[PDB]
Amino acid sequence: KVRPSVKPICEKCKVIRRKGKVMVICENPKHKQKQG
Amino acid sequence: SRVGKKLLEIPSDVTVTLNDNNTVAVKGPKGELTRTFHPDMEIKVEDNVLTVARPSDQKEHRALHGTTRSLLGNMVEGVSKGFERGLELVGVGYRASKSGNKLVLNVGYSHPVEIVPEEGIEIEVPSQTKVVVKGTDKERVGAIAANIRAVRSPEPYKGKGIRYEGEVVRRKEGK
Amino acid sequence: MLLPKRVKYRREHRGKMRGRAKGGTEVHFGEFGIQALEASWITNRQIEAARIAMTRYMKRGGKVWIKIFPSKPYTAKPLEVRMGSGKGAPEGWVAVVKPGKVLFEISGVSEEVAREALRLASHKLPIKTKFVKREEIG
Amino acid sequence: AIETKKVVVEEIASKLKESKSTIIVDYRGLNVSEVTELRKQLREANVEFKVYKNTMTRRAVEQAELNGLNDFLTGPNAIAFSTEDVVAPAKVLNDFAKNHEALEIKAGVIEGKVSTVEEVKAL
RNA sequence: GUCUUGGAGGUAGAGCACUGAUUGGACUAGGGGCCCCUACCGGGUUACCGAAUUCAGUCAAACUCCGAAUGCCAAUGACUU
RNA sequence: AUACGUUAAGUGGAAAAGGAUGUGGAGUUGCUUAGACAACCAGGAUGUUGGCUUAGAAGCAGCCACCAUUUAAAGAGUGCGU
RNA sequence: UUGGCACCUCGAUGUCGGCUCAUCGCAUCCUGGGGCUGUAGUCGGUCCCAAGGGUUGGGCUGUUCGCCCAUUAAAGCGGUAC
Ligand SMILES: [Mg+2]
Ligand SMILES: [Mg+2]
Ligand SMILES: [Mg+2]
Ligand SMILES: [Mg+2]
Ligand SMILES: [Mg+2]
Ligand SMILES: [Mg+2]
Ligand SMILES: [Mg+2]
Ligand SMILES: [Mg+2]
Ligand SMILES: [Mg+2]
Ligand SMILES: [Zn+2]
């Protein structure tokens, strides 16, 4: 899932940075999203 | 708190030899390990005293001052007794088997698949439906186990294929 | 849809929009409000859209206060036609907003819920905003 | 840390009256088991079992300014308060025997508390 | 040309005193609607339209109780050209 | 060249609404050796699922403001749920 | 693309369709590699990387358009004085 506006959805999502990009990982794979 | 300050002890068998350029190695009851570290990062060892001296506080220094300590602990632990990790093989008729030194598996594919390890990592099939890697270096046995598991990742609708030794897998349903 | 009931003139200059707001820069009909930060026009329908969204989010306990009101009309010529020979026909209604104005005011609900409602309303306006609450000292 | 002093001196009045008291291991305690124990109190000794469980070992080392110099081996350790305000544990000893030999919460680290300088071998 | 001094004029800005536009309260006979019962009285409401009026609050190229900086017109002195 | 700061993108050497534990300053402010936040050991109910409706709804068919006591807290359910 | 302006060309810058020959972009039609799925499997839906190669014969109209017949893995969209 890719979009320019990434932000948590559930209560236990998380926000990180990999290779200068913004990412969000969570248990439910449907939440996994990456900015740009 | 902070991990870069916990002091490391040294069991009697562990004979670590500090060397210049942070090229320290180690000797113990299971073999040898060695790693060179960041130059400016300071390390000095006394008997059961691992002095991870950190230079001026920065970002990279605050990172290395922890990472080096963690790796040193891992290394002494490995050379003491090493690590391992089991591998579950669920299947419905899938099963593995040893051969010579290498390892072969028969998942539902139309042909056998084989994996050979390098030195220092012994594979062992205690039961023909269970595999256990074993070796001294933690990251290396991790890599080997990952290679194995990567042959047939588990399946959601029915737990099928390789699986780490105990872990929760999602579970949907078809109809 | 807000619009005057009768106007003197129907076509009218557009005019410049420099300088801060004359007055009405302090919330005094409620507890919280959004304050503009850069000049623009606000279309007749943008206002009602923001208002409906904001009032739906709330549990109707509070009340709202639309401060601004569209009065100036603006024209537009028909499509695919050369230039000149008469000003166009009146089309809609806008309301100029210079920085410092206070567009909306809420009162009757908790602080954070009003903050959320105002943030949700902000995303319908063509400008950048700021959440501001009632000056207690007056 | 306002009322910490307050309660740590307040426990003096409740500790000076009795002779004997008692301690209970803290963790592995079901609050269903805790409420069963509370109702067992209510039928045996209503609330006299000190179910006050919001204290840091300073509580007992500042209650030790008079006597009871033993919590140093219980404070930094599992603690579930209690006391024996009524006469010496001729009854609550066997009460605790039947309530923690195999019941709601284990006995484990329990050594009771001070009647006199002693700690164990009560009856 | 500059310094000094004196004039005419309603822009920028501001303001609601006039003319239009406009928000929220107070308050309303006149009740509109509900009705009690209104066939008709009289009465709660009037959801008043509550008209004003009043209390606060926003606007204007063809609104102004106000109103600059500049520019313009002269003077008699001075210093330069 | 001198002196002191900033940026790690080749920004420098092209753009917005919006998004973000990037990073430097200036603050405001709570908790805290009576021990903080983590992490690990514990637990998280009683006329009590109470007057409940749809099979228990015993956690969330969804009506009670499904309240009050045992304390040490338990919301007679945070979420996962079933 | 439909438009707006009228800056170059009126002592000449010759239109639309088709034929021969092509070449470039990628916002991808096929083939290659993946994430998620309201993905059982075989089919799919959507999004990410990818421009190497490939991308049809007829009927009706001057026709680009368009409809239809029969196939193919596929019968891509655009620029180069449409
Ligand atoms: Mg969105
Ligand atoms: Mg005002
Ligand atoms: Mg003006
Ligand atoms: Mg004027
Ligand atoms: Mg650049
Ligand atoms: Mg010629
Ligand atoms: Mg692409
Ligand atoms: Mg052509
Ligand atoms: Mg062109
Ligand atoms: Zn999530």
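Above this text sits the structure in question.
Read on for a plain summary of the structure. Sequence order sets the numbers: each chain starts from 1, possibly unlike the entry numbering, and residues with no coordinates are not included. Lettering for chains starts from A, numbering for ligands starts from 1, and both go in the order in which the items are written. Note that the chains on view sit within a larger assembly, with every value limited to the chains on view. Side-chain measures here rest on the full set of heavy atoms in the structure, leaving out hydrogens and waters.

Focus on the overall build of chain B
Turning to step 1, where the next piece is worked out: Only runs of H or I of at least four residues qualify as helices and only runs of E of at least two qualify as strands under DSSP, and these elements are numbered from the N terminus. Within chain B, the regular secondary structure consists of 2 helices and 11 strands.
Turning to step 2, where the next piece is worked out: Its C-alpha radius of gyration of 21 Å places chain B more than 25% over the 16 Å reference for a compact globule of 175 residues.
Turning to step 3, where the next piece is worked out: For the C-alpha atoms alone, the extent of chain B along its principal axes is close to 60 × 40 × 25 Å.
Turning to step 4, where the next piece is worked out: When the 175 residues of chain B are sorted by exposure, 33% land in the buried category.
Turning to step 5, where the next piece is worked out: All accessible-area figures derive from a Shrake-Rupley calculation using a 1.4 Å probe, and residue coverage is judged against the displayed protein chains alone. Total accessible area computed for chain B in this model is approximately 10,400 Å², and 54% of it derives from carbon and sulfur atoms.
Turning to step 6, where the next piece is worked out: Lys and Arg are tallied as positive, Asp and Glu as negative. Neither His nor the chain termini are counted. Each charge is placed at NZ for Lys, CZ for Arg, CG for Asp and CD for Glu. Between the mean site of the 29 positive side-chain charges and the mean site of the 24 negative ones, chain B shows a separation of 9 Å. Here the radius of gyration uses the C-alpha set of atoms, whereas the globule reference equals 2.2 Å times the residue count to the power 0.38. Throughout this description, buried means an accessible area under 20% of the type-specific maximum (1.4 Å probe, protein chains only), exposed means over 50%, and partly exposed covers the range between.

Description of the protein's contact with RNA strand G
Turning to step 1, where the next piece is worked out: Neighbouring residues of RNA strand G: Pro29(A), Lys30(A), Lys32(A), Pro156(B), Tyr157(B), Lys172(B), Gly174(B), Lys175(B), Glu80(C), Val81(C), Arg82(C) and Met83(C).
Turning to step 2, where the next piece is worked out: In RNA strand G, atoms within 4 Å of the protein come from the sugar-phosphate backbone in 66% of cases.
Turning to step 3, where the next piece is worked out: At 2.7 Å from a phosphate oxygen of RNA strand G is found a side-chain nitrogen or oxygen belonging to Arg82(C).
Turning to step 4, where the next piece is worked out: Here the surface near RNA strand G is composed, by residue class, of 5 nonpolar, 1 polar and 6 charged. Nearness is defined per residue: one heavy atom within 4 Å of the molecule or strand is enough. N or O atoms closer than or at 3.5 Å make up a polar contact, with two conditions inside protein: a donor-capable atom paired with an acceptor-capable one, and, for residues adjacent in sequence, both atoms drawn from side chains. When residue character is reported, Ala, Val, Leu, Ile, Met, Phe, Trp, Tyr, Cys and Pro are called nonpolar, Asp, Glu, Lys and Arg charged, and the others, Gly included, polar.

As for unusual backbone geometry
Turning to step 1, where the next piece is worked out: For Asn21(B), which is not a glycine, the phi torsion comes out positive at approximately 60°.
Turning to step 2, where the next piece is worked out: Note on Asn21(B): relative accessible area 53%, which makes it exposed.
Turning to step 3, where the next piece is worked out: A positive phi angle, close to 65°, is found at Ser85(C), a residue other than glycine.

Considering the side chain of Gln35(C)
All names here are of chain C.
Turning to step 1, where the next piece is worked out: Tracing the sequence through the fold places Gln35 in strand 1 (residues 32–35).
Turning to step 2, where the next piece is worked out: Judged by relative accessible area, which is 15%, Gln35 ranks as buried.
Turning to step 3, where the next piece is worked out: In contact with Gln35, not counting residues within four places along its chain, are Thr25, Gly100, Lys101, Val102, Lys128, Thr129, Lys130 and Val132. Contact definition: two residues touch when any of their heavy atoms are within 4.5 Å.

Some words on helix 2 (residues 138–149) of chain B
Residues and elements named next belong to chain B.
Turning to step 1, where the next piece is worked out: In this scheme, a helix's expected span is set at 1.5 Å multiplied by one less than its residue total. The terminal C-alpha atoms of helix 2 lie 16 Å apart, and with 12 residues this matches the ideal 16 Å at 1.5 Å per residue to within 8%.
Turning to step 2, where the next piece is worked out: Of all the positions in helix 2, only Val141, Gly142, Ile144, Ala145 and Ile148 are classed as buried. Burial along helix 2 is one-sided: seen end-on, the buried residues are contained in an arc of 165°.
Turning to step 3, where the next piece is worked out: Where helix 2 is buried, its residues contact strand 5 (83–89), strand 10 (130–135) and strand 11 (162–164).
Turning to step 4, where the next piece is worked out: One side-chain oxygen of the residue at the start of helix 2 lies 3.0 Å from the amide nitrogen of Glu139, identifying that residue as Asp137. This arc corresponds to the set of directions leading from the helix axis out to the C-beta atoms.

Topic: empty space enclosed by the protein
Where empty space is left can be seen by rolling a probe of water-molecule size over the atoms.
Residue and element names in this part refer to chain B.
Turning to step 1, where the next piece is worked out: In this analysis the probe radius is 1.4 Å and the grid spacing 1 Å, with only protein atoms considered; a cavity is a set of points the probe fits into but cannot get out of, a pocket is an open set with protein on both sides within 12 Å along at least five of seven lines, and lining residues have an atom within 4 Å of a point. Grid points are joined across faces, edges and corners, and a volume is the space filled by probe spheres set on the points. The full count for this structure, using the stated rule, is 3 cavities of 30 Å³ or more.
Turning to step 2, where the next piece is worked out: In this model, the largest cavity occupies a volume close to 170 Å³.
Turning to step 3, where the next piece is worked out: Considering the residues around the largest cavity, the lining is formed by 15 residues, among which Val16, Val24, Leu50, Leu72 and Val76 are closest to the centre.
Turning to step 4, where the next piece is worked out: Elements with a minimum of two residues in the lining of the largest cavity: strand 1 (25–28) and helix 1 (59–81).
Turning to step 5, where the next piece is worked out: Residue composition of the lining of the largest cavity, grouped by class: 14 nonpolar, no polar and 1 charged.
Turning to step 6, where the next piece is worked out: Looking at the second largest cavity, its volume works out to about 50 Å³.
Turning to step 7, where the next piece is worked out: Taken together, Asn22, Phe37, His38, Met41, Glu42, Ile43, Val52, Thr68 and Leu72 make up the lining of the second largest cavity.
Turning to step 8, where the next piece is worked out: Its residues assigned to classes, the lining of the second largest cavity shows 5 nonpolar, 3 polar and 1 charged.

Points about the protein's contact with RNA strand F
Turning to step 1, where the next piece is worked out: Around RNA strand F, 31 residues are found, and the nearest of them are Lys59(B), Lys128(C), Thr4(D), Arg28(D) and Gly29(D).
Turning to step 2, where the next piece is worked out: Protein-adjacent atoms of RNA strand F, using a 4 Å cutoff, are sugar or phosphate at a proportion of 69%.
Turning to step 3, where the next piece is worked out: Interatomic distance of 2.8 Å between a backbone N/O atom of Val6(A) and a sugar or linking oxygen of RNA strand F.
Turning to step 4, where the next piece is worked out: Take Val32(D): an N or O atom from its main chain is 2.7 Å from a phosphate oxygen of RNA strand F.
Turning to step 5, where the next piece is worked out: Sort the elements by how many residues they give to the surface near RNA strand F and helix 2 (residues 31–44) of chain D lands first, with 6 residues.
Turning to step 6, where the next piece is worked out: A class-by-class count of the residues in the surface near RNA strand F yields 13 nonpolar, 6 polar and 12 charged.

Concerning the side chain of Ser82(D)
All names here are of chain D.
Turning to step 1, where the next piece is worked out: In this structure, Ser82 sits in the loop between helix 3 (58–63) and strand 2 (83–84).
Turning to step 2, where the next piece is worked out: On the basis of relative accessible area, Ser82 is assigned to the buried category, the value being 5%.
Turning to step 3, where the next piece is worked out: In this view, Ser82 contacts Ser21, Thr22, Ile24, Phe49, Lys50 and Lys113; residues no more than four positions away in its chain are not counted.

Examining the sheet that holds strand 2 (residues 40–43) of chain C
Residue and element names in this part refer to chain C.
Turning to step 1, where the next piece is worked out: In short, DSSP must find at least two bridges between two strands for them to pair. One open sheet holds the 3 strands; their spatial order is 2-5-4, and the pairing between them is antiparallel. Of all the strands in the sheet, the pair left with one neighbour each is strand 2 and strand 4 (72–76). Between one strand axis and the next, the sheet turns through 50° on average, direction left out of account.
Turning to step 2, where the next piece is worked out: Inspection of the sheet shows strand 4 paired to strand 5 (residues 89–97) by 5 bridges, in the antiparallel sense. Its bridge partner being in strand 5, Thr75 is matched across the sheet by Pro90.
Turning to step 3, where the next piece is worked out: For every element, the axis is a line fit to its C-alpha atoms; helices are fit only across the contacting stretch, and the angle between N-to-C directions ranges from 0 to 180 degrees. The strands touched by helix 1 (residues 44–57) are strand 2 and strand 5; relative to strand 2, the strand with the most contacts, the crossing angle is about 70°.

As for the packing of helix 1 of chain C against helix 2 (residues 111–122) of chain C
Any two packed helices are characterised by how steeply their axes cross, that is the angle between the axes, and by the distance between the axes.
Residues and elements named next belong to chain C.
Turning to step 1, where the next piece is worked out: Between helix 1 and helix 2, whose axes approach to 9 Å, the crossing angle comes to 150°. In terms of their interaxial angle, helix 1 and helix 2 are classed as roughly antiparallel. The handedness of the crossing between helix 1 and helix 2 comes out as right-handed. Note on element contacts: helix 2 touches helix 1 through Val113, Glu116, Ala117, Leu118, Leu120 and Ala121, opposite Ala50, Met54 and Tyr57. Relative orientations are named as follows: roughly parallel for angles under 35 degrees, roughly antiparallel for angles over 145 degrees, roughly perpendicular for angles from 65 to 115 degrees, and oblique for any other angle. In this scheme the handedness of a crossing depends on how the near helix is turned from the far one: anticlockwise by less than a right angle means left-handed, clockwise means right-handed.

Quick word on the pattern of salt bridges
A side chain with one charge can pair with a side chain of the opposite charge if their charged atoms come near.
Turning to step 1, where the next piece is worked out: Any carboxyl oxygen of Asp or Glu within 4 Å of a side-chain nitrogen of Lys or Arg constitutes a salt bridge here. Counting across every chain of the model gives 17 salt bridges over all chains.
Turning to step 2, where the next piece is worked out: Residues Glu11(A) and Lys12(A) are paired through a salt bridge, measuring 3.8 Å at the closest nitrogen-oxygen approach.
Turning to step 3, where the next piece is worked out: Look at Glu11(A) and you get exposed, because its relative accessible area is 64%.
Turning to step 4, where the next piece is worked out: Each of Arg54(B), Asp57(B) and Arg62(B) takes part in salt bridges that share partners, so that together they form one network.

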